[PDB]
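Listing of protein17.csv, CSV, C-alpha atoms
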```
chain,number,residue,atom,x,y,z
A,1,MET,CA,3.0,-21.5,-18.9
A,2,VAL,CA,1.4,-18.1,-18.3
A,3,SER,CA,-1.0,-18.0,-15.3
A,4,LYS,CA,-4.6,-16.7,-15.7
A,5,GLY,CA,-4.2,-13.9,-13.2
A,6,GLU,CA,-0.6,-13.1,-14.5
A,7,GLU,CA,-2.0,-12.4,-18.0
A,8,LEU,CA,-4.2,-9.6,-16.6
A,9,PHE,CA,-1.1,-7.6,-15.9
A,10,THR,CA,1.0,-7.8,-19.0
A,11,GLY,CA,0.0,-4.2,-19.9
A,12,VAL,CA,-1.0,-0.9,-18.5
A,13,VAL,CA,-3.9,-1.3,-16.0
A,14,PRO,CA,-6.0,1.6,-14.8
A,15,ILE,CA,-6.3,1.9,-11.0
A,16,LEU,CA,-8.9,3.4,-8.6
A,17,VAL,CA,-8.3,3.7,-4.9
A,18,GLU,CA,-11.0,4.7,-2.4
A,19,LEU,CA,-10.1,5.1,1.3
A,20,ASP,CA,-12.3,6.0,4.3
A,21,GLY,CA,-10.3,7.0,7.4
A,22,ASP,CA,-10.9,7.8,11.0
A,23,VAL,CA,-7.8,8.8,13.0
A,24,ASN,CA,-8.5,9.8,16.7
A,25,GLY,CA,-12.0,10.8,15.6
A,26,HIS,CA,-10.8,12.9,12.6
A,27,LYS,CA,-12.7,11.5,9.6
A,28,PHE,CA,-11.3,11.8,6.0
A,29,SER,CA,-11.7,10.3,2.6
A,30,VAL,CA,-9.1,9.8,-0.2
A,31,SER,CA,-9.8,9.1,-3.9
A,32,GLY,CA,-7.0,7.9,-6.1
A,33,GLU,CA,-6.7,7.6,-9.9
A,34,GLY,CA,-3.8,6.3,-11.9
A,35,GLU,CA,-2.2,3.3,-13.7
A,36,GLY,CA,0.1,0.4,-13.0
A,37,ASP,CA,2.4,-1.6,-15.3
A,38,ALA,CA,3.7,-4.7,-13.5
A,39,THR,CA,6.1,-5.4,-16.4
A,40,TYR,CA,8.1,-2.5,-14.9
A,41,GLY,CA,6.6,-2.7,-11.4
A,42,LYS,CA,5.6,0.9,-12.0
A,43,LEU,CA,2.7,2.8,-10.4
A,44,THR,CA,1.7,6.4,-11.1
A,45,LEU,CA,-1.2,7.8,-9.1
A,46,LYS,CA,-2.9,11.0,-8.0
A,47,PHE,CA,-4.6,11.1,-4.6
A,48,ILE,CA,-7.1,13.7,-3.5
A,49,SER,CA,-8.6,14.3,-0.1
A,50,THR,CA,-12.3,14.7,-0.5
A,51,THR,CA,-14.0,15.2,2.9
A,52,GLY,CA,-12.7,16.1,6.3
A,53,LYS,CA,-9.4,17.9,6.8
A,54,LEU,CA,-6.6,15.4,6.3
A,55,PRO,CA,-5.6,14.7,9.9
A,56,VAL,CA,-2.3,12.8,9.2
A,57,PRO,CA,0.7,13.3,6.9
A,58,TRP,CA,0.3,11.9,3.3
A,59,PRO,CA,3.5,9.9,3.6
A,60,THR,CA,2.0,7.8,6.5
A,61,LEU,CA,-0.8,6.8,4.0
A,62,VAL,CA,1.3,5.6,1.1
A,63,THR,CA,1.7,2.0,2.2
A,64,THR,CA,-2.1,1.7,2.7
A,65,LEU,CA,-3.0,3.4,-0.6
A,67,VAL,CA,-1.8,-2.7,-4.6
A,68,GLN,CA,1.0,-5.2,-4.5
A,69,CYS,CA,-0.3,-7.1,-7.5
A,70,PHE,CA,1.6,-4.5,-9.6
A,71,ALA,CA,4.9,-5.8,-8.3
A,72,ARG,CA,7.4,-6.8,-10.9
A,73,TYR,CA,8.2,-10.5,-10.2
A,74,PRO,CA,11.3,-11.6,-12.2
A,75,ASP,CA,10.5,-14.5,-14.5
A,76,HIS,CA,12.5,-16.9,-12.2
A,77,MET,CA,10.2,-15.9,-9.4
A,78,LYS,CA,6.7,-15.9,-11.0
A,79,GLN,CA,5.5,-18.9,-9.1
A,80,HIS,CA,5.8,-16.9,-5.8
A,81,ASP,CA,3.4,-14.1,-6.9
A,82,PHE,CA,0.4,-14.6,-4.6
A,83,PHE,CA,-1.1,-11.3,-5.5
A,84,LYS,CA,-1.7,-11.7,-9.2
A,85,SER,CA,-2.7,-15.4,-8.7
A,86,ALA,CA,-5.7,-14.3,-6.7
A,87,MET,CA,-7.1,-12.2,-9.5
A,88,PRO,CA,-9.5,-11.3,-10.9
A,89,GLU,CA,-11.6,-12.1,-7.8
A,90,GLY,CA,-9.0,-10.5,-5.6
A,91,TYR,CA,-7.8,-10.6,-2.0
A,92,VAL,CA,-8.4,-9.0,1.4
A,93,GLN,CA,-5.4,-7.1,2.8
A,94,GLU,CA,-5.2,-6.3,6.5
A,95,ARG,CA,-2.5,-4.4,8.4
A,96,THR,CA,-1.6,-3.0,11.7
A,97,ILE,CA,0.9,-0.2,11.5
A,98,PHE,CA,2.6,0.7,14.8
A,99,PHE,CA,4.0,4.2,14.8
A,100,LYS,CA,6.9,4.1,17.4
A,101,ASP,CA,6.0,6.1,20.5
A,102,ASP,CA,2.6,7.0,19.0
A,103,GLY,CA,-0.6,5.4,17.8
A,104,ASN,CA,-1.5,2.7,15.2
A,105,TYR,CA,-3.5,2.4,12.0
A,106,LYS,CA,-5.6,-0.7,11.4
A,107,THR,CA,-6.6,-1.2,7.8
A,108,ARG,CA,-8.8,-3.6,5.8
A,109,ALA,CA,-8.7,-3.4,2.0
A,110,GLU,CA,-10.3,-5.4,-0.7
A,111,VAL,CA,-8.3,-5.5,-4.0
A,112,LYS,CA,-10.0,-6.8,-7.1
A,113,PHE,CA,-10.9,-6.1,-10.8
A,114,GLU,CA,-14.1,-4.2,-11.7
A,115,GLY,CA,-14.1,-4.9,-15.4
A,116,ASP,CA,-10.6,-3.9,-16.7
A,117,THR,CA,-9.8,-1.6,-13.7
A,118,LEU,CA,-7.9,-2.7,-10.6
A,119,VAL,CA,-9.8,-1.3,-7.6
A,120,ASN,CA,-8.5,-0.9,-4.0
A,121,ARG,CA,-11.2,-0.1,-1.5
A,122,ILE,CA,-9.9,0.7,2.0
A,123,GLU,CA,-11.1,1.3,5.5
A,124,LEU,CA,-8.6,2.8,7.9
A,125,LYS,CA,-8.9,3.3,11.7
A,126,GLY,CA,-6.3,5.1,13.8
A,127,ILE,CA,-6.2,5.3,17.6
A,128,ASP,CA,-3.9,6.3,20.5
A,129,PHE,CA,-2.2,9.0,18.5
A,130,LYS,CA,-0.5,11.9,20.5
A,131,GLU,CA,-2.2,15.1,19.6
A,132,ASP,CA,1.1,17.0,19.3
A,133,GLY,CA,3.0,14.0,18.0
A,134,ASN,CA,4.8,13.5,14.7
A,135,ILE,CA,1.6,12.4,13.0
A,136,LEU,CA,-1.2,14.5,14.3
A,137,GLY,CA,1.3,17.4,14.6
A,138,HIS,CA,2.2,17.1,10.9
A,139,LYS,CA,6.0,17.0,11.5
A,140,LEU,CA,6.9,14.6,8.7
A,141,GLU,CA,8.8,15.4,5.6
A,142,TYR,CA,7.1,15.1,2.2
A,143,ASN,CA,9.6,13.6,-0.2
A,144,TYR,CA,10.7,9.9,-0.6
A,145,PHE,CA,11.1,6.6,1.2
A,146,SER,CA,11.8,3.0,0.4
A,147,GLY,CA,10.8,-0.3,1.9
A,148,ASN,CA,11.4,-4.0,1.9
A,149,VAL,CA,8.2,-6.0,2.4
A,150,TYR,CA,9.2,-9.4,3.8
A,151,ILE,CA,6.6,-12.0,2.6
A,152,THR,CA,6.0,-15.5,4.1
A,153,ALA,CA,3.4,-18.1,3.2
A,154,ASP,CA,0.3,-18.3,5.5
A,155,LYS,CA,-1.0,-21.7,4.3
A,156,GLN,CA,-3.5,-22.0,7.1
A,157,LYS,CA,-5.5,-19.1,5.6
A,158,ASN,CA,-4.5,-19.9,2.0
A,159,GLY,CA,-2.7,-16.5,1.9
A,160,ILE,CA,0.4,-14.7,2.9
A,161,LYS,CA,1.8,-12.7,5.8
A,162,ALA,CA,4.3,-9.8,5.6
A,163,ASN,CA,6.2,-7.4,7.9
A,164,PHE,CA,8.4,-4.5,7.2
A,165,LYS,CA,9.7,-1.2,8.6
A,166,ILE,CA,9.2,2.3,7.2
A,167,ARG,CA,11.4,5.1,8.4
A,168,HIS,CA,9.6,8.4,7.8
A,169,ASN,CA,11.9,11.5,7.9
A,170,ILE,CA,10.9,14.1,10.6
A,171,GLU,CA,11.3,17.8,9.7
A,172,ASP,CA,13.8,18.3,12.6
A,173,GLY,CA,16.1,15.6,11.2
A,174,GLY,CA,15.1,12.4,13.0
A,175,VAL,CA,13.0,9.4,12.0
A,176,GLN,CA,9.4,8.2,12.8
A,177,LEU,CA,9.4,4.4,12.6
A,178,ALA,CA,6.3,2.7,11.4
A,179,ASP,CA,6.2,-1.1,11.9
A,180,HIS,CA,4.0,-2.9,9.4
A,181,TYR,CA,2.3,-6.3,10.0
A,182,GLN,CA,0.2,-7.6,7.1
A,183,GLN,CA,-2.0,-10.5,6.1
A,184,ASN,CA,-3.6,-11.3,2.7
A,185,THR,CA,-6.3,-13.8,2.0
A,186,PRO,CA,-7.9,-14.5,-1.4
A,187,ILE,CA,-11.6,-13.7,-1.9
A,188,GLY,CA,-12.2,-16.5,-4.4
A,189,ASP,CA,-12.0,-20.1,-3.4
A,190,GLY,CA,-9.6,-21.2,-6.2
A,191,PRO,CA,-5.9,-22.1,-6.1
A,192,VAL,CA,-3.4,-19.3,-5.3
A,193,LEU,CA,0.4,-19.3,-5.2
A,194,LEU,CA,1.7,-19.7,-1.8
A,195,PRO,CA,5.3,-18.3,-2.0
A,196,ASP,CA,8.6,-19.2,-0.6
A,197,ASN,CA,10.1,-16.5,1.6
A,198,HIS,CA,11.0,-13.4,-0.4
A,199,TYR,CA,10.6,-9.6,-0.3
A,200,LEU,CA,9.4,-6.6,-2.3
A,201,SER,CA,11.8,-3.8,-2.8
A,202,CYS,CA,9.8,-0.6,-2.9
A,203,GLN,CA,10.6,3.1,-3.7
A,204,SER,CA,8.0,5.9,-3.3
A,205,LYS,CA,8.5,9.4,-4.7
A,206,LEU,CA,5.9,11.9,-3.5
A,207,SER,CA,5.3,15.2,-5.3
A,208,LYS,CA,2.7,18.0,-5.8
A,209,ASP,CA,0.7,19.1,-8.8
A,210,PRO,CA,1.5,22.8,-9.1
A,211,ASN,CA,-2.0,23.5,-10.5
A,212,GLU,CA,-3.9,21.6,-7.8
A,213,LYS,CA,-5.5,23.5,-4.9
A,214,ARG,CA,-7.2,20.6,-3.2
A,215,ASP,CA,-5.2,18.6,-0.7
A,216,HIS,CA,-3.5,15.9,-2.8
A,217,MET,CA,-0.5,13.7,-3.4
A,218,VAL,CA,1.2,12.6,-6.6
A,219,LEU,CA,2.9,9.3,-6.2
A,220,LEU,CA,5.4,7.5,-8.5
A,221,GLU,CA,6.2,4.1,-7.1
A,222,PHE,CA,8.4,1.1,-8.1
A,223,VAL,CA,8.0,-2.3,-6.6
A,224,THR,CA,10.2,-5.3,-7.5
A,225,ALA,CA,10.2,-8.8,-6.0
A,226,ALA,CA,13.6,-10.2,-5.0
A,227,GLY,CA,15.4,-12.7,-2.8
```

Could you quickly redo this structure as structure tokens?
Amino acid sequence: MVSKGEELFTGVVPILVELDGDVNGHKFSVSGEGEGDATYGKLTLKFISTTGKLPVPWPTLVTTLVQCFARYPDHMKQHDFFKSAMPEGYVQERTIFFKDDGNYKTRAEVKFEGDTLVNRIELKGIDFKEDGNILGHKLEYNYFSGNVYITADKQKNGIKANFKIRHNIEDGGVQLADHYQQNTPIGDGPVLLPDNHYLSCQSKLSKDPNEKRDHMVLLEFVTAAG
């Protein structure tokens, strides 16, 4: 049978993202608008910086800026924690260790507001080197992929995940970002605790030729597997 929360994602769902960030005392805000279609695991979004000068590369913010839009194959639907927590939603927490540099710590609440999926985020970054790859803006703006490895966290009625992102440096090298993640439902009802599996993710960053504010256009595909 079709799950309650699963039925909320059969079609195109509008998305709003709101992030407040503080990286080594540099404050910034990001507003995102777009849509997701979990039938195809497809997200299309436009992000705009609204306050302080964006102190970090846009690519380092992709993973923080809604895994309920993952396409879960039919044979895997009973391992989809994310949709099962809806519409009340879940809290997502991460620490993102940038190798030989600082870390982000994030807390996000993901839920429906009416028919819109909303991601509200607070982001704190510390210990970043002021001429490093992040504060020095030395990362390429193009494309990366990821495998989010998900395990059940039945103590907290949620999940844990960890994964690595390799961000291309302009010089040719790679800036590693080690992600550690926990998700806990906001409601008190039953959620699907999954067997071990992963999310295969692909992110394509682009620019709106007409847009003069600091911004990021994102096309993303997310597919459960394993």

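The protein and nucleic acid residues lying at most 10 Å from residue 114 (chain A) are residues 15, 16, 88, 89 and 119 of chain A, with all atoms listed in the file considered and sequence neighbours fewer than 5 positions away removed.
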
Excluding same-chain residues fewer than 5 positions from residue 71 (chain A), what lies within 12 Å of it counting all atoms listed in the file, as a PyMOL selection string? chain A and resi 6+9-10+36-43+77-78+80-84+149+199-203+221-226

Quick one: residues within 7 Å of residue 98 (chain A), all atoms listed in the file counted, chain neighbours fewer than 2 positions away excluded, as a PyMOL selection string? chain A and resi 96+100+103-105+178-180

Across A:151, A:8, A:92, A:135, the smallest distance to residue 120 (chain A), with all atoms listed in the file counted, is shown by A:92

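Among the candidates A:107, A:156, A:79, A:85, the residue lying nearest to residue 20 (chain A) is A:107 (atoms considered: all atoms listed in the file).
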
Which residues, protein or nucleic acid, reach to within 8 Å of (-9.7, 5.7, -10.5) in the file's coordinates when using all atoms listed in the file, and can you give that as a compact mmCIF listing (two decimals) with C-alpha atoms, keeping the file's coordinate frame?
```txt
# COMPACT_ATOMS: atom_id res chain seq x y z
CA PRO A 14 -6.00 1.60 -14.80
CA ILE A 15 -6.30 1.90 -11.00
CA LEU A 16 -8.90 3.40 -8.60
CA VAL A 17 -8.30 3.70 -4.90
CA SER A 31 -9.80 9.10 -3.90
CA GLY A 32 -7.00 7.90 -6.10
CA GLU A 33 -6.70 7.60 -9.90
CA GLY A 34 -3.80 6.30 -11.90
CA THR A 117 -9.80 -1.60 -13.70
CA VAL A 119 -9.80 -1.30 -7.60
```

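Note that the spacing between CA of residue 227 (chain A) and CA of residue 75 (chain A) amounts to 12.8 Å.
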
Report as CSV: every residue of region 55-90 of chain A with an atom at most 10 Å from region 205-211 of chain A, its closest pair of atoms, and their distance in Å to one decimal, counting only C-alpha atoms, with rows sorted by chain and ascending residue number.
```
residue,atom,partner,partner_atom,distance
A:58,CA,A:206,CA,8.8
A:59,CA,A:206,CA,7.8
A:62,CA,A:206,CA,9.1
```

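Between CA of residue 54 (chain A) and CA of residue 140 (chain A) lies a distance of 13.7 Å.
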
Using only C-alpha atoms, the residue out of A:153, A:124, A:12, A:170 with shortest distance to residue 198 (chain A) is A:153
